Structures are given as C-alpha cells and as structure tokens.
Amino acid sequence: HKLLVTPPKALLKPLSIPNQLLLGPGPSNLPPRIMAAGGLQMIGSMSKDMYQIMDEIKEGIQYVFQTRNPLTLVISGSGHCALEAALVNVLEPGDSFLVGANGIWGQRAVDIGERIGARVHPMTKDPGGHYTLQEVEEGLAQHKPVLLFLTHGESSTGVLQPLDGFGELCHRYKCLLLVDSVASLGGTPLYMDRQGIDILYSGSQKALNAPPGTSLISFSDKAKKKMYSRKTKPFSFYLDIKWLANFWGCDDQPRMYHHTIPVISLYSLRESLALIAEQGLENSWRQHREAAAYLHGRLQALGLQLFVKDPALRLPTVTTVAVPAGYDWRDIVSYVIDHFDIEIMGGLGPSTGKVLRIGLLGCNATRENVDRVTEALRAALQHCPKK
C-alpha cells in the first residue's frame, strides 16, 4: 500500500487534436472510410470472421503487388518492421548481402544486416543517385551474394528506381531480390511476378492512406524455399516467418496462436485495399503521375529547382526540392505549418538540410492540395529571412 504515483492531471483533460494537412513523405491523411473502420468494435482475434478479413487482406496484397505468392501476409509493425522481418528470416549470419545505399533506407538495411551478423557489402551512392543494371551486375559478380536490397521509392531523395530485368539479373547469379515499395506502392508501376521480385514489402501509411503500424510483405517460392531450409532459427520469434505464415493461413497446418494481431488496424487496412481495388491500380498510377507533374510545374514557377534533374527518375509520391539560396529550411517548414496548418518535411539522413520533401499520397494526391502547398510555399519565400 501507500501509492506513490498520482493520476496525471494531463490525462484528466479530454483528448483533442489539431486538424493538419499532412503533405510530407508520410503518414498521410485518412479518408472517411478508413476513419469509420477505425471506430469499430473488437472481434475475437482468432474468430472465423477475423480469418475471413485476413484472407481478404491477402487477396488485397496479391492485387497491389501483382503476385500470386502463397507466402503473402501482413507484418504487425511499421515499415522498418517488415524490412527487418524480411532480413532476419532470409539471412543466416555471415551471408553475402548487397545493398543499394542510395538514401536512408539503404543505410537501415545495412544497420539491420550488420545487427544480425551478415557480411554486408554497401554499394553506397550520393543522394539523388540511382543504380544501373551494370553497377549491380558488377556488385553481384565480385561479392557473389545470396540477397540484394533495392529501394523502389526512395523518399529521402525522391528518386524513382527502375526495376525491369533486375530480378532476372539476380536469378542469373542464383541471388534473391528484396525491394522496398513502402513509398512507391500505389503511385508508380510495380509488378512483383513479371519483374521477378523475391521479397516485396510496403507500408500502410503512404499511398494506401491507412494508419501507420502495419506493413505488407510477400515472398516468392525461391526465397520461401530458402527460409524453410535454413539450418538456424532466426533471431526474432515475433517476426518468424514460419509462425507468421501458419497463422495467416499460408501453411498446410491449421492456424495456431502466434501473437495477437492488431484487429482494428486490420479493419482499416482492408478498407484501404478495397478503395484502391475499386479505383484500380492503373488509375492510381495515373492520378499520382498527373498530380506530381502538376506540382513539379508549380514549384518551378516559384523559382524553386527540383532536386532530381531527370523527370523520369523523380518519385511521384515524394518530391525533393532544393533549399533555396539564403533560406534557413527550418524557417520555411515552420512558416508552412504555423500559418497554413500544412506539414512538409526537410531531408532525412544523407539528404538532411539540403532538401524539402513534399508528398502526394493516395486520396491526398490532388490538384487541390498541390495548390494549397504552393501558396503556402510562396508565402514562406516572401516572409522568411534571406541572407
């Protein structure tokens, strides 16, 4: 007895949130349908009905990845968590692991790869750079790796990465391909099977406009063959693919309790996958391409220059803009949220302080929101200090 801690006074106020228009690299704003799914009641986490939803979510990930892999499921964690789940289950220690260290996502693949004791060979490249099929055949040949990691949408630098044939290249060296489509999914063409991709993951909170906290993953039979014949148990129980696979109905064995899935986020995820199914993929890529074009046009009208020179290399979901001469970037960003209720972002990792990041994602990739962010940025340029 004798209770030390008293009820925090801050908790006895009611919860209240500002209305913000989020137009950075993520998370993005939720449409009404995702919100309505968020406010539903709980069902049992192993109920027949829960399985039925999970199966729909599967079919959903199969559509947006354009894959038919049986080993396709949701990771109960953020984008980082899917990446880690991928790496920890594919890589035994000491294995050869090649990584396109293009921006932060490469760096994290490194960090994680290091952490789980693999021999990681970093093809590091300056921010704004991208990798040709040569640079990767070169790396493939001289390091002879079991797995390559590539960022599709590089949201720290705004670089779209070409993907055609790279999957074939990697098979040619008996290697596995791992693609990060967290920023790219729903916004720019992507076909898992036809591009021969072995591990694809994405996030809930970008173009799909679901709340952050889940992530999507799918494994080819090749990578699936490895995982089921690795001789050591992976370092995570939480992310263990065999346990995971069984629970999501990707096995021959009935579903056995592994962990409690985030039921409510799954309602929302389902709905987000439904919305893009109804619209259809090619229309979503079309929407994002036309919006990003519109935006690009407007920023250059303001005398800003787009960080990535080549337009065919610019990521449509996340645009990098160079920090104009004589401006503190923090001043501009502050001004935008302070005076317009709009969130945009600066750089991240190697792109830090050099760029501004403006995202168009899903239901937010509209000409209306491009207008709103452009005016905000006009105002800042004319009202922020200049040296």
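Just count from 1 along the sequence shown to find any residue number.
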Self-check item: Entries skipping residue 118: at least a third of other ones
Solution: yes
Quiz item: Averaging C-alpha B-factors over each stretch, which comes out higher, 97-105 or 206-214?
Solution: 97-105
Quiz item: In the PDB record, does 115-123 or 287-295 carry the higher mean Cα temperature factor?
Solution: 115-123
Quiz item: Hey, out of 138, 271, 84, 278, whose CA B-factor is highest in the deposited coordinates?
Solution: 138
Quiz item: Per the coordinate record, which of the options 256, 71, 182, 110 holds the highest CA temperature factor?
Solution: 110
Quiz item: Against its chain's modelled residues, does residue 76's Cα B factor rank lowest, middle or highest third?
Solution: lowest
Quiz item: Relative to the other modelled residues in the chain, which third contains the C-alpha temperature factor of residue 29: lowest, middle or highest?
Solution: lowest
Quiz prompt | Within-chain third of residue 267 by Cα B-factor, per the entry | solution = lowest
Quiz item: Going by the entry, which third of its chain does the Cα temperature factor of residue 157 land in?
Solution: middle
Quiz item: Among the modelled residues of its chain, does the C-alpha B-factor of residue 354 lie in the lowest, middle or highest third?
Solution: highest
